[PDB]
């Protein structure tokens, strides 16, 4: 009787679509199979977990890898439902919130609020809820495909999000919004398309955005660390956590490192909910090709590198922050 290798509701919904729908979807899936994109993604997830969580045993690593594949794909289907739904419904999708106090307090302080959202869990579900208490200005990068871009921006417009370009005009508009006491959402854990700073990530110096830290340290806005995880029964639990006050100290690179620590701790606790498909660890000049070589050699290069970042740090010369 081995089970739920389909549901009848599923089959009936697919069955009621036009033939064109099925043909287009099959062409999409087949394109994914024929170009090996699915295998490539699975292997990048596996390598990333080997890099960041080297203490897992082979068995634990298999369970986590399989669950992370499942969970990230699930998150993206969930995003489809979220971006097809009204604000009311998306708000009612939040069943439990932890740390709401810090959000309302940060809004009371009227110094601005920077919501720091890693690519983790079902993060797109939080926006509707946040939006009922504050205006939000958000960096937006148009999706490469026009129809998808279209869809996403109906979603964001329904949320009343103020979308701004991912360039210095968008950054200026975010500074302005924070000055007025409003809110922005930054996902800080991808590699910037242009620039910037070599900041350690799981012990590996990686080129990293400084945006969060620059906004926070200049405006003295409050920084909150946010994430949402699906519940056993169709709901989500949202978590709001204040950023360590160290984030205000030092250079933007120092604050960036504090954000990195928060991300690391979240992953350590919930490794199966991080979105591991992204090829983050390529962002070092020694690591440009680690997703394209033999996984074991890749790991040896990474280990060499983490080994040098320690002594060059006790050493007074800035080896690891030098960009060439």
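Positions refer to the first chain, counted from 1.
Asks: On average, which has the higher Cα B-factor in the deposited entry, 254-262 or 59-67?
Replies: Here the higher of the two C-alpha B-factor means belongs to 59-67.
Asks: Per the entry, where is the mean C-alpha temperature factor higher: 166-174 or 146-154?
Replies: Per the deposited B-factors, the answer is 146-154.
Asks: Between 210, 200, 231, 81, let me know which has the highest C-alpha B-factor in the entry?
Replies: Among 210, 200, 231, 81, the highest C-alpha B-factor in the entry belongs to 231.
Asks: Quiz for you: based on the deposited Cα B-factor, which of 182, 72, 105, 98 is highest?
Replies: By C-alpha B-factor in the record, 98 ranks first.
Asks: Within this chain's modelled residues, let me know which third the CA B factor of residue 271 belongs to: lowest, middle or highest.
Replies: For residue 271, the deposited C-alpha B-factor lands in the lowest third.
Asks: Going by the entry, which third of its chain does the Cα temperature factor of residue 89 land in?
Replies: Its C-alpha B-factor belongs to the highest third of this chain's values.
Asks: Please place residue 287 in the lowest, middle or highest third of its chain according to the CA B-factor in the PDB entry.
Replies: It belongs to the lowest third of the chain when residues are ordered by C-alpha B-factor.
Asks: Compare the C-alpha B factor of residue 131 with those of the other modelled residues in its chain, then answer lowest, middle or highest third.
Replies: Its C-alpha B-factor belongs to the highest third of this chain's values.
Asks: Quick check for you: using the entry's CA B-factors within this chain, is residue 279 in the lowest, middle or highest third?
Replies: It belongs to the lowest third of the chain when residues are ordered by C-alpha B-factor.
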